[PDB]
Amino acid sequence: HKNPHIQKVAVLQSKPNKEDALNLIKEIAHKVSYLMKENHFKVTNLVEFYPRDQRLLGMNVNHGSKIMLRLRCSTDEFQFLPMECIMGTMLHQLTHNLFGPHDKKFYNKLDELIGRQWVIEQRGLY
């Protein structure tokens, strides 16, 4: 459906094939809808970014106020990253709605979310 736990999704308007980028990030928002419901996650803005720092794949501002995702390869703005890779980044950043540091609480929760998201996808819950 349309994920009610994410208020707004946006992509970079100056990048090429921004229609495909918007479809991609909308797909991310859609796929995680049931997981966010189960976990009471809310995200105000889910947006694309493309930082010059190529190490940066995602970021979570203020525990869910904004999650930024890299959608495009750092070396080639025309090539989008694999959906599987972006989903991994999304689950990692959703865990930061609860846990800031990359400590045991963080990795424990991320392990639970990865497992549950796979089950949800297999069964088609939403």
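Residue numbers here begin at 1 and follow the sequence given.
Legend: mean Cα B-factor per stretch from the PDB entry, 79-87 versus 66-74; the higher mean is in 79-87.
The stretch 21-29 shows the higher mean C-alpha B-factor when 21-29 is compared against 106-114 in the entry. Of the candidates 95, 45, 54, 60, it is 54 whose Cα B-factor is highest according to the PDB record. Per the PDB entry, 34 shows the highest C-alpha temperature factor of the residues 41, 99, 34, 50.
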